[PDB]
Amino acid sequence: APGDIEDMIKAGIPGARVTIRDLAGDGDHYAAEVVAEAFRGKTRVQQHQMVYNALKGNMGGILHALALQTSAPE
């Protein structure tokens, strides 16, 4: 459902700030910015892993369907 991606990220990574946009408005492919203190000192690969974990396999094709930008809070 709409908002479900954002909900799962925030449930799985407590304290995360999430910005989700629906690429092409197609209800299929998305881009997400996730900012979380738990990401500080982790590599981008490590941060993305935490986001994939948060989605708990609910999003088919997530490797290509959820384009990620992650960072520690500024």
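For every residue, the number given is its place in the sequence shown, counted from 1.
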Averaged over C-alpha atoms, is the B-factor higher for 22 to 30 or for 36 to 44 in this PDB entry?
22 to 30
Using the temperature factors of the C-alpha atoms in this entry, rank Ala1 within its chain: lowest, middle or highest third.
highest
Compare the C-alpha B factor of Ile9 with those of the other modelled residues in its chain, then answer lowest, middle or highest third.
middle
Check where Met59 lands among this chain's C-alpha B-factors and tell me if it's the lowest, middle or highest third.
highest
